[PDB]
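To keep things clear, I will list the structure first and then write my remarks on it.
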Amino acid sequence: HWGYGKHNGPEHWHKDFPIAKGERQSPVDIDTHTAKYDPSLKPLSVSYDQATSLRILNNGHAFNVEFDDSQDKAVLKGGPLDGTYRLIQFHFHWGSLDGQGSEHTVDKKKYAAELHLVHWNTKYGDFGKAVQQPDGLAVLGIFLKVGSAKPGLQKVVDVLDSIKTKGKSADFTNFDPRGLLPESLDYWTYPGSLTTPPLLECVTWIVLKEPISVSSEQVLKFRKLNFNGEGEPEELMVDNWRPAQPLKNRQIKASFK
Ligand SMILES: [Zn+2]
């Protein structure tokens, strides 16, 4: 019964998920002056040309755009990563106001939203096995700021009315996630965790420096979603972000000078 309310929000999660107070929790604040350039990192390889989206689901905490992850069709490689990571889903975190919503922060700055493209390491066979490993997942995080619209987001925004409430899904084929990426792949990377329960410490985070712009109208549509199920009291799906956690014994590395 975790969520983002007063009585069940991030500050409560540790009671059911003690790993919430662990050594490599996410998100974190990215202190840009203390991140260090690492010349031995590579460029990221983001290979989404064969991506096969299937469905969009309101799971009660966010909406997930799900992919076919039964072959190496949309993969992330390179950067800090060893081996091949398959795209399974993406989702967002966002605020009630444009001044908050991101999970990671940059010099304490909060963005209006944050996109998470979730990938699992093929050496572990399935997502469920991958999340039990320290190098199981790679999550590409992309900040959203409010300004110009993102044309490649509009197909997502337009289906949201059909998945208003928890448990609703809709077919969502032929969506191209390349239309959600910024121009630059410059990034920061560090070892962390899922940002939702069970908070497993299985993620190599790759957070892009360049935000994407979305319009106020696009984010407004996110904010019409509901945390509740149909026929339950309406609670808008807003402020579905975990705040920054202690960095502890971690260094954030930069791919760029
Ligand atoms: Zn997320």
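Take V139 and tell me if it is more than 19 Å from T52 (Cβ to Cβ), part of a helix (DSSP H, G or I), aliphatic (A, V, I, L, M) and within 17 Å of the chain's Cα centre (by Cα).
When the stated conditions are applied, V139 does not pass them.
If you scan the stretch 173-191, which residues turn out to be of a type outside the set (A, V, I, L, M) and either surrounded by 15 or more Cβ atoms within 10 Å (Cβ to Cβ) or within 14 Å of the ligand (Cβ to nearest atom) (or both)?
Step one: of the stretch 173-191, the residues of a type outside the set (A, V, I, L, M) are 173-179, 182-184, 186-191.
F175, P177, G179, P182, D186, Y187, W188, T189, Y190, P191 - these are the residues of the stretch 173-191 that are of a type outside the set (A, V, I, L, M) and either surrounded by 15 or more Cβ atoms within 10 Å (Cβ to Cβ) or within 14 Å of the ligand (Cβ to nearest atom) (or both).
Restricting to the stretch 17-41, give me the number of residues that are in a loop (DSSP other than H, G, I, E, B), in contact with a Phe, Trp or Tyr (Cβ under 8 Å, 6 or more places away or on another chain) and among the hydrophobic types (A, V, I, L, M, F, W, C).
3
Out of the residues in the stretch 87-102 that are surrounded by fewer than 24 Cβ atoms within 10 Å (Cβ to Cβ) and outside any loop (DSSP other than H, G, I, E, B), state the one that is farthest from the chain's Cα centre (by Cα). Explain how you work it out, then say what you get.
Residues of the stretch 87-102 surrounded by fewer than 24 Cβ atoms within 10 Å (Cβ to Cβ): 88-89, 91, 95-100.
Of the ones still in play, those that are also outside any loop (DSSP other than H, G, I, E, B) are 88-89, 91.
Details: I88: 12, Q89: 9, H91: 6 Å.
The extreme case among them is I88.
Which numbered condition in (1) of a type in the set (V, I, T); (2) under 14 Å from the mean Cα position of the chain (by Cα); (3) within 27 Å of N8 (Cβ to Cβ) is the only one that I206 fails?
In the conditions (1) of a type in the set (V, I, T); (2) under 14 Å from the mean Cα position of the chain (by Cα); (3) within 27 Å of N8 (Cβ to Cβ), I206 misses (3) alone.
Scan the stretch 192-217 for residues that are part of a strand (DSSP E or B) and within 16 Å of the ligand (Cβ to nearest atom) and jot them down.
Quick first cut of the stretch 192-217, residues part of a strand (DSSP E or B) only: 192, 203-208, 212-214.
Once the filter is applied, which keeps residues that are part of a strand (DSSP E or B) and within 16 Å of the ligand (Cβ to nearest atom), the stretch 192-217 yields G192, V203, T204, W205, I206, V207, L208, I212.
Hey, can you tell me all the residues within the stretch 228-247 that are within 20 Å of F92 (Cβ to Cβ) and among the aliphatic types (A, V, I, L, M)?
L236, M237, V238, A244
Inspect the stretch 145-153 for any residue being of a type outside the set (S, T, Y), surrounded by fewer than 19 Cβ atoms within 10 Å (Cβ to Cβ) and under 13 Å from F92 (Cα atoms) and give the result as yes or no.
There is at least one residue in the stretch 145-153 that is of a type outside the set (S, T, Y), surrounded by fewer than 19 Cβ atoms within 10 Å (Cβ to Cβ) and under 13 Å from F92 (Cα atoms).
Only one residue in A113, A51, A74, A62 is away from the ligand (no atom under 14 Å from the Cβ), touching a residue at least 24 places away in the same chain (Cβ under 8 Å) and surrounded by 21 or more Cβ atoms within 10 Å (Cβ to Cβ). Which one?
Details: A113 fails: away from the ligand (no atom under 14 Å from the Cβ); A51 fails: surrounded by 21 or more Cβ atoms within 10 Å (Cβ to Cβ); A62 fails: away from the ligand (no atom under 14 Å from the Cβ).
After ruling out the rest, the residue left standing is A74.
So for the stretch 155-168 (the condition being in a strand (DSSP E or B) and of a type outside the set (S, T, Y)), does at least one residue qualify? Let's see the steps before the verdict.
So in the stretch 155-168, the residues in a strand (DSSP E or B) come out as none.
No: the stretch 155-168 contains no residue that is in a strand (DSSP E or B) and of a type outside the set (S, T, Y).
For the stretch 123-136, what are the residues that are within 19 Å of the chain's Cα centre (by Cα) and either crowded, with 20+ Cβ neighbours inside 10 Å or under 29 Å from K209 (Cα atoms) (or both)?
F127, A130, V131, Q132, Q133, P134, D135, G136
So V139 ticks every box in (1) more than 16 Å from the ligand (Cβ to nearest atom); (2) crowded, with 19+ Cβ neighbours inside 10 Å; (3) closer than 27 Å to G9 by Cβ but one. Which box is left unticked?
If we test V139 against (1) more than 16 Å from the ligand (Cβ to nearest atom); (2) crowded, with 19+ Cβ neighbours inside 10 Å; (3) closer than 27 Å to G9 by Cβ, just (1) comes out false.
All of the numbers you see were taken from the coordinates with simple rules; none came from a lab. Cβ atoms come from the backbone with ideal geometry, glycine included; neighbour counts cover every protein chain shown.
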